[PDB]
Structures are given as C-alpha cells and as structure tokens.
Amino acid sequence: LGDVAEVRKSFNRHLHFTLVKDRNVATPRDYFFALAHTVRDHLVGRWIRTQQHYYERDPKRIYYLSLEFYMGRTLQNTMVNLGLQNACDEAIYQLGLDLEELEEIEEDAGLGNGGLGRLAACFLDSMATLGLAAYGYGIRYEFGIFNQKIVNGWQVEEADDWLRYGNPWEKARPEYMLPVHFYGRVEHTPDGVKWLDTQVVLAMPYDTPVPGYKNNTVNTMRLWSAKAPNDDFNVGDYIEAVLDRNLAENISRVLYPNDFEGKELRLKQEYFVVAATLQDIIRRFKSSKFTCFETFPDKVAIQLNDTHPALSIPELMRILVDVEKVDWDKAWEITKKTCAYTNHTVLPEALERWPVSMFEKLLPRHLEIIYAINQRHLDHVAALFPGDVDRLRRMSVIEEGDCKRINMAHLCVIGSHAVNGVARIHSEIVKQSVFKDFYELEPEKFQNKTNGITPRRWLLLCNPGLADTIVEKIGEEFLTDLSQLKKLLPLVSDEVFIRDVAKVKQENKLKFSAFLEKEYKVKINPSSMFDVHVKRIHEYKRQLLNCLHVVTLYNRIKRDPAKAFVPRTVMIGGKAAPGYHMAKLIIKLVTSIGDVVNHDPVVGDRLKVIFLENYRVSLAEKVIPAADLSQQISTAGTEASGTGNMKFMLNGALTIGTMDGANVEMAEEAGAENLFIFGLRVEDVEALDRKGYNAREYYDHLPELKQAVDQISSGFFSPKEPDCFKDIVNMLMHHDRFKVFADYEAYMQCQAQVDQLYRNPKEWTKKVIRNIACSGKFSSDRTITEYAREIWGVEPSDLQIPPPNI
Ligand SMILES: Nc1ncnc2c1ncn2[C@@H]1O[C@H](COP(=O)(O)O)[C@@H](O)[C@H]1O
Ligand SMILES: *Cc1c(COP(=O)(O)O)cnc(C)c1O
C-alpha cells in the first residue's frame, strides 16, 4: 500500500509546515491536528468540485435550518467515508502513535443538546451519501451546552471550551460575512418600507465539509459566528461600545441560555440564523449562472427543523417585498412554496410563543409582516367558515392572555407548503389535535416522516464487528440500503452465524468493561447483563423507574444471598437541565444507590449500578455497541418519536419500553413478541387520568415497593443526609404526573421475562437477530429519500460528482 506511505508523508509535512513543530516538542494534540489535517486534505478535493458542480449544473438547493447540530467527533467518520481508516491505522502505528489515542484527544463538536441535534447531524450525512444538493445552516456556539462532572455524586456544569485549541475541520470565510439588523424604527416611504435607526451585528460564516459514503459528493455546513462592527467618543459611547461588542459575542456563545431575561437573547439567536442564512440563500440564487424570483420555489428548499427558524417566513417576505421590490402576493405564494415545517414537540404547550412587546421593540418590521399574514389568512378563514368567531381565535397567529403573544407554530403552518411529524402516531396527533383547524382546511399540507439514524456512524463506525458479520454474509450493499437486513432473517436458525453474533457483542463488552474499570474504578462482571438507560434526565423519561428496579434487585440478593441470580451492570446515563431541581436529585439518587450496591460484598458481582458521566455523541458510540439490554421506559403519551432506541436495535439490543413513540413502529416492524413491551398504553394512561391517580393505592398495597420507597425516605442510600430525597418521595407519593408506581409491577414482571430470556444464551441471541433484521426501515437515508420525494421535489443521486485532478 502506497496509501499507508502517503498518509505518513503528509502527517510529517503537516507537523513541520502547518503546525511548525518537530516530534521532540509535539504533544498528542499536535499529533491529532497533523492527522486531522491530513484527512481534511482528501475531503477538500471532492468539496471544491461538489460545490462548483452545483454552481455549474444549477440544481434545487436544500437548506436545513437548525439551532442544534450534535455532530460529535469528525476524524473517524471522515476517514471511514474516505476508506483510509485502515491506511491511517497502519500509518499512525508506523509513527509510534495509537490512532485510538488520537481519536480520544478530539473534542465533541459543541453544537447540539439532544435528539433534535443528532437528527440534524444524521440527516446531513444521508443527504451527502444520497448525492443531494443540501446545506446545513446553524450557529457556531463557542462554549457548546456544558460538560457534565459528577462531584460528590451530584451534577456540576463545566464550561465546554471545545474551540480553545480550535477546530481543525472548519474553514472561516470572513469574505462571505453578512449584517444582521436589530431594534430601530420602521418608515413607509413612496419607494418602499424602510427599517432604519437599526443596531447591527455581524454574521461571520465558518464552513465544515459533510462527506458522503463512497460517492465523491461532499457537502458544506455553514455555521455563523456573531461579531460586532468596528470604528469621537466619551465614556457613555465607550461603555456602550464595549458592552455591545460582548452582547453580540454571546449570541454565538452558548446554546439554550437562561440568564431571567436571557429570553431576548434566545430570540436574537433565532433571528441571527434566519437573517444570515436567508441573505446567503438569496445571494446564491441571484449569483447563479444566468421577475427574477419566479424560479425561486423550484431552485430553493427551506426545511424549518422545529419552531426555532420560524422567522424565515416573515424575513423572506421582508427581503422580497422591501429589498427585491417583489409584489406581496407573488412573494407570499413563493414563501409558502419554498418553506416546509417539522414539529417534534407533541401537545400544544411546548410550542414556541413570544410576546408582541418584545417583537415590537426588537423586530418592528417583522411584526407588521406577521400582523399582515395573520389577516389575509383569517379573512380566508372567515370566507370558508363565516360567523365562526371561536375558530378565528383558535387559528390566529396572535394569541391573547396576560399579554398578546405571537404563536410561532401557527406562523410555521400558515407559511409552509408541507408540515410533517416525526412518528406516524405522533403525526396523526399533530393533524387531529395540535393543528385540528389547520388540518381540516388543508389536509394535503400535513404529512409524516418517520425518523432515522445514519448507518455509517450508528453501525459502521461504532460497531465494525457486527458490520463485517453482515458484510461477508450479504455484501457491503446493505450500508447504502439498510432494508437489505431482512436478507439475514433466514439466518435465525444458522448455527455458525448465531455464535458469531454473540462473539462480536462479547468482544465489544470487554472493551467497554476495561473503559468502565479504568474510568469509574468498579469491578465489572463481563458475564453480566449490560442494562442501559441513556437519555435526558427528566421526570417523563422515568429514570426513577429503573432506580426502584435495582433497589428491589439489591434487596432480593440481601434476602436470598445463596440464590443463583442473573448478573447485571445497570447503566444510567444522561444530563440534567441546570435549573431542574428534580433531575439533579435523580442523578444523586443513582450515585447514592451505587455507593451502596457496588460497595457491598454480599452483593458481589451479580449487581453493579454505574451512572455515566458526560453522556455525549462520542460516549454513545462506546456504550451502544457493547449493550445487551436497552431501556426506553418513558410514560405512554409522552415520547413523540425518539432516535436513541433506533441505534440500539441495529447494534443488537433488546429494548424495554411502553407502547409510545419509536417503540410502536419498532414492535410493528419486528413483532411485539420480539420486544419487552410493558406498562399502560396511551388510552389506559388517559383512563387512569380519568380515574384520578393515587399513589397510596400502590404503596400501601405492595411488599417490595413499600420497602424500596421507605428505604429512600429513611435514607438507607443517603445515611449522612437522611432527608436528601424528601422531594423525590413527596413527588412519587403526591405530585407525580408520570405515574411511576402505576407501571412498577408491570415493569418488574416484564423484567422477570427479561431475566429468564437472558438465562438462556441462544434464545436471547435469536430474539436479537430479529431486531437487526427489521432495523432497515429506521435508516436516515430512507427519511431523506422521503423528504426529497414527498416534500422537497428532488431526485436522489440524480446529480453525481465526478473525480477531478489538482
Ligand atoms: N463564478 C464562479 N465560477 C465557478 N465556480 C463558482 C463561481 N462562484 C461560486 N463558485 C463555486 O461555489 C463555491 C462557493 O460559492 P457559494 O456556493 O455561493 O458559497 C466554490 O466552491 C466555487 O467553486
Ligand atoms: C441518539 C442520541 C440522543 C437521542 O436519544 P433519545 O432517546 O431520542 O432521547 C440524545 N443524546 C445523544 C448524545 C445521542 O447520541
């Protein structure tokens, strides 16, 4: 291989010319950067051609607007999409360095927070792999969300300085800079509408390449960085200047801030993307090779990932009507046609709203436009449904209450040609209840796009073991098209293949066990069940339900210490919101139970509790390839979809969960007999809510529940602070809105079936091979082809990029 040789040549010249350092003064970070730069060079060749090919063969451009972009680590994905993974592994070894060591040096891209963020990052790869003409638009947050640190068993927020040493992937484009306008006043001149006396913030773009698997199509991600305009002056004009400089800087500083009026910043953040993005979008349309804006809805697609970029609608109206001199009605039919919405937040309350006063002050022009839109619309409603006063209020963009407020979700539907849902079941609720009146008027608008996960990151990267077990028995083709996993369905009875499936899982379990032993300092039993419950630390996610399970499990080994019980390694990961009092207590409860269960000799190795500190995109790639059991035990009627569960199924993990969200469509895809479904279903939940839930009906009338709960309340797990979980008890007893005790029995007797199925080796791995065979639907490429066809009006892989030279 001359590849292995070539990688070694460029690494040295990068270290010597780009980094300007010799091996004698180079840190492992200097070694990562030199490697990262070598891998980036191979992307550049495609990138330049891909972006010039789009200018040349002018296709319709897709624009994914999102605040969240949970990208994670780039190096590994980049060299796998380039096939150099093996050549680099050999070349890095040849330089007396470990690739795995360098990969761990790389920081997590502090651009996401949860499911919405990863959704974006997966989608971005799929569009690239499917040869699409797409772009990712977002904010270049400098400090991300935060780093989780468990101090004395509690969560401590640490600042994420992931840009301290700088990203070796992103390329700054200060020449493509744009102005974002704020505050000021409006004026109606004979020429047009003019927005003057405005405060200006600079938008500086940073582009990061998005490579496609195998294909020469490498897209671009434009993330904007807030900067302030430069310059006689007094103290009053010095202090305001130095303050304004910094205030602009904290727009692209931290994701989802609280500060209490850090609300205006969150609004400012949204308009910073919207304005910057759209000006750049339009610029590309008019800067295209060879009255002008008629071809706009045929050459531009704008997907509004949740209510965050809801301002794109009145902003596009603004730019077209006030700047481009376009007719309102012409520009409005364009707006509707060039905009598509997606709703993740189920039930009409988590739906984003903003006071009119706050809009009156910050975006006075956008308010006029929104007011105008929410009239030409209401008048059309008064045409179809005359005299219906209560429909008008139910459908208005402007809401009433303690003060007038603009419902951004209404504006998203009124302004979009297609509104979609994340899961079939969820999507129906969006139609039938969330936007009931908008649905009747236009049912053809409302759609569904079931979410997906990229098979490269969530399989080829993290679990190459399981991948190669499918590669030689099917052929690589399954990586392009995931539905080809049903081709291994007749291998449910193949004797040589079944043991080779568990061979991979165990070869992964040991690697993660070593990580667990080294980092957390606990004796890990690899022969035990790898129970996992990694997600947002929230009450509706029911982390406490899994707690109660391990409490009874601990008491069962204390009751019958002789009994040969099924060994486990209960893993609960995730992060609590900084203000969330209850979720912080929940993290403490897990650590309190662990400091009891792990530090006990009667228990030994048949039970280990371990809270996963700093659950990220990098950590998920470690835990999921080595996980036996997967928990998605959320209260039914809450989880809309969820993408986590999908990563497990593909990596050979039996899921436990209620009949809600992604669980419904998985049990539909693989059969409810092949998944540990338990607890109340949506209607039973509805019925219990009709009954009027009481906790004492469950606490007084149970043996091992009473024990487990009065253990927590007594302070059996917090001996030095016996009243530590007072608020946890008081909740589960009086103000528990996610019926935790109502699914206690159901969860445990379900867990008994889980316990017995794992007692048998072949029948567990047989039920597992069903899950891997049915995961095909849950491909991100499937969702992207569905967006490209049912919404964006584009042909997948119709425009392919040829191999260039120099
Ligand atoms: N006049 C032009 N001739 C050839 N390529 C261009 C031109 N303008 C832009 N491009 C391509 O488009 C990319 C950057 O422009 P944009 O797509 O507008 O961000 C570069 O990769 C260029 O190769
Ligand atoms: C996949 C993923 C999620 C989403 O999982 P859910 O169960 O849908 O909440 C969240 N966070 C990280 C870091 C992930 O990798």
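Engineer: Could you give me a rundown of the UniProt feature "binding site: pyridoxal 5'-phosphate" in the protein chain, with the residues and numbers involved?
Structural biologist: The residues that UniProt annotates with the feature "binding site: pyridoxal 5'-phosphate" are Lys535. Relative to the helices and strands, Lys535 is located in the loop between β18 (531–534) and α22 (543–559). Every residue in contact with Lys535, bar those within four places of it in the chain, is listed here: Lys541, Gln543, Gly573, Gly574, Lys575, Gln631 and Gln632.

Engineer: Give me the lowdown on the sheet that holds strand β13 (residues 353–355), citing residues and values where you can.
Structural biologist: Spatially, β13-β15-β14 is the arrangement adopted by the three strands of the open sheet, whose pairing is antiparallel. Pairing within the sheet leaves two strands with one partner each, and these edge strands are β13 and β14 (398–399).

Engineer: Can you lay out a negative patch on the surface for me, pointing to particular residues and giving the numbers?
Structural biologist: Where like charges cluster on the molecular surface, the negative patch consists of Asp89, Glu90, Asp98 and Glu101. Tracing the backbone through its elements, the reader meets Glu90 in helix α4 (residues 85–93).

Engineer: Can you lay out the site of ligand 1 for me, pointing to particular residues and giving the numbers?
Structural biologist: Around ligand 1, the neighbouring residues are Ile48, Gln51, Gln52, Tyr55, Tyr176, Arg283 and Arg284. Within the side chain of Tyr176, an N or O atom sits 3.1 Å from an oxygen atom of ligand 1. The side chain of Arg283 places a nitrogen or oxygen atom 2.8 Å from an oxygen atom of ligand 1. Isolated, ligand 1 exposes 490 Å² of accessible area, and the fraction of that covered by the protein chains is 57%. Within the residue set of the shell around ligand 1, elements represented by two or more residues are α2 (28–56) and α8 (263–286). Take the shell around ligand 1: its biggest share by element is four residues, from α2. Looking at the shell around ligand 1, its residues break down into three nonpolar, two polar and two charged.

Engineer: Any details on the packing of helix α11 (residues 328–338) against helix α13 (residues 364–376)? Residues and values, ideally.
Structural biologist: Between α11 and α13, whose axes approach to 13 Å, the crossing angle comes to 85°. When the axes of α11 and α13 are compared, the pair comes out roughly perpendicular. For the pair α11 and α13, the contacting residues are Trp328, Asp329 and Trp332 in the first and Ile369, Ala372, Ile373 and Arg376 in the second. Here the contact of α11 with α13 is composed, by residue class, of five nonpolar, no polar and two charged.

Engineer: Account for the nonpolar core, with residues named and values stated.
Structural biologist: In terms of nonpolar packing, the biggest core is built from 121 residues, with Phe512, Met571, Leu607, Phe676, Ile728, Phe741 and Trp764 touching the most fellow members. A total of ten residues in this core trace back to one element, the largest contributor, which is helix α23 (residues 581–597). Shared between two domains, this core takes at least three residues from each, and those domains are domain 1 (1–452 + 780–801) and domain 2 (453–779). The contacts of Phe512, once residues within four sequence positions are left out, are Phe530, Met571, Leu612, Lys622, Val623 and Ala626. Core analysis: the next-biggest nonpolar cluster, separate from the first, contains 86 residues, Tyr135, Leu311, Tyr341 and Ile398 among them.

Engineer: Explain unusual backbone geometry to me, using residue names and the numbers behind them.
Structural biologist: Backbone geometry at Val20 places phi at a positive 55°, although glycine is not the residue there. Relative to the helices and strands, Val20 resides in the loop between α1 (2–18) and α2. The phi dihedral of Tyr183 falls on the positive side, at around 55°, and the residue is not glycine. By the element assignment, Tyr183 lies in the loop between β6 (178–182) and β7 (185–188).

Engineer: How would you explain the site of ligand 2 if you had to name every residue and give the values?
Structural biologist: Ligand 2 sits among 15 residues. The nearest are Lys535, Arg616, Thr643, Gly644 and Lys647. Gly644 is positioned with one of its backbone polar atoms (N or O) 3.2 Å from an oxygen atom of ligand 2. In the model, an oxygen atom of ligand 2 is placed 2.8 Å from a nitrogen or oxygen of the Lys647 side chain. When isolated, ligand 2 has an accessible area of 390 Å², and the protein chains bury 96% of it. When residues of the shell around ligand 2 are traced back to their parent elements, those giving at least two are α24 (617–623) and α25 (644–650). Structurally, the shell around ligand 2 is a two-domain feature, drawing no fewer than three residues from each of domain 1 (1–452 + 780–801) and domain 2 (453–779).

Engineer: Summarise the pattern of salt bridges; cite the residues concerned and give the values.
Structural biologist: Opposite charge on two side chains permits pairing when their charged atoms draw close. Under the counting rule described, the total for this entry stands at 65 salt bridges. Between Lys584 and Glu157 there is a salt bridge, with the nearest N and O atoms lying 2.8 Å from each other. Across the salt bridge formed by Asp437 and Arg394, the nearest N and O atoms sit 2.8 Å from each other. Taken as a pair, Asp437 in helix α18 (residues 436–441) and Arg394 in helix α15 (residues 389–395) lie far apart in primary sequence, 43 residues in all. Three or more residues are tied together by salt bridges with common partners; here these are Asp388, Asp390, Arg391, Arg393, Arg394, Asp437 and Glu440.

Engineer: Explain the side chain of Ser634 to me, and be specific about the residues and the numbers.
Structural biologist: Its location among the elements puts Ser634 in the loop between β21 (629–632) and α25. Of the polar contacts made by the side chain of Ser634, one reaches the backbone oxygen of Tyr540; its length is 2.8 Å. Among the polar contacts made by the side chain of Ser634, one reaches the side chain of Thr638 at a distance of 3.3 Å. Once residues within four sequence positions are removed from consideration, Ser634 is found in contact with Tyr540, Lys541, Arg542, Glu639 and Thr658.

What counts, and at which threshold
Residues numbered from 1 in each chain as written, not as in the entry; some residues may be left out. Chains lettered and ligands numbered in written order. Heavy atoms only, no water. UniProt positions renumbered as here; feature names shortened; annotations may be inferred. Helix = DSSP H or I, 4+ residues; strand = E, 2+ residues; numbered from the N terminus. Contact = heavy atoms within 4.5 Å. Pairing = 2+ DSSP bridges. Patch = residues over 30% accessible without salt bridge, like charges linked within 9 Å, V, L, I, M, F, W, Y side chains within 5 Å. Areas by Shrake-Rupley, 256 points an atom, 1.4 Å probe, with all protein chains shown as cover. Salt bridge = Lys/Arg side-chain N within 4 Å of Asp/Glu carboxyl O. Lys, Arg positive; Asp, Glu negative; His and termini not counted. Charge placed at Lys NZ, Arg CZ, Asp CG, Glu CD. Near = heavy atom within 4 Å. Polar contact = N/O pair within 3.5 Å; in protein donor to acceptor, adjacent residues only side chain to side chain. Nonpolar A, V, L, I, M, F, W, Y, C, P; charged D, E, K, R; others polar. Axes fitted to C-alpha atoms, helices over the stretch in contact; angles between N-to-C directions. Parallel < 35°, antiparallel > 145°, perpendicular 65-115°, else oblique. Core = buried A, V, L, I, M, F, W, Y, C linked by side-chain atoms within 4.5 Å. Buried < 20%, exposed > 50% of the residue type's maximum accessible area, 1.4 Å probe, protein only. Domains from an automatic or database assignment.

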